[PDB]
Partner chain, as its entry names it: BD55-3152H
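The chain below stands alone and is given as structure tokens, in the form deposited without its partner chain.
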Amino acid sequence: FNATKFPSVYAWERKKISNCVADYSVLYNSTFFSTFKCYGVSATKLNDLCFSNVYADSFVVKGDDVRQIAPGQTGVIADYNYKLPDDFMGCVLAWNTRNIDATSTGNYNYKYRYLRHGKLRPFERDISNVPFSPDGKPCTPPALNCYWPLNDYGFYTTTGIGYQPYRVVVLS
């Protein structure tokens, strides 16, 4: 159901669920949920639509980035870490984890990518850590004009409201 360990963005967790029926109707009197949206349906067609062969994508992001998990919404990480399709719409559910994933001394176990050659197609996953060079010439780091493509977020406890670790699950 739920796990105490969550992966990062460019290592997002993918789960395939089949032959199962879920309701999650507790969302009426559920103040625990920070944000909940549905794009494909507005729960009107839920009566005549059974769930089968669904995908669950899980990761941890920043608050200001939760709006980026949607069709369009260029942003920065929506084109380099996780790209949303235009047609296949499910639902998005993001909740706050300030009290468990944030420590007063620091938490640097979550990474993200901000440099790439070319755009990202939907369902494209990039893992390889190759040095990034803006003008070809395969570099030998740490030579000049030869940067690293990765960074760490650094969620702490005493941050703001949008700079907190939000756990995000997309149901497709």
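Numbering follows the first chain given and starts at 1. Think of the rigid core as the biggest set of C-alphas that the two forms share within 1.5 Å after superposition.
Omitted from view is the form solved in complex with its partner chain, to which the following refers.
> So which residues in 27-60, when you check its partner chain in the deposited bound form, have a heavy atom no farther than 4.5 Å from it?
Replying inline: If the 4.5 Å heavy-atom criterion is applied to its partner chain in the deposited bound form, 27-60 yields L27, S30, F32, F33.
>> Aligning on the core only, does the CA of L27 end up 2 angstroms or more away between this form and the one not shown?
In response: Comparing the forms between this form and the one not shown, which are aligned on their rigid core, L27 does shift its C-alpha by 2 Å or more.
> Aligning on the rigid core, do we see the C-alpha of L46 shift 2 angstroms or more between this form and the one not shown?
Replying inline: Yes.
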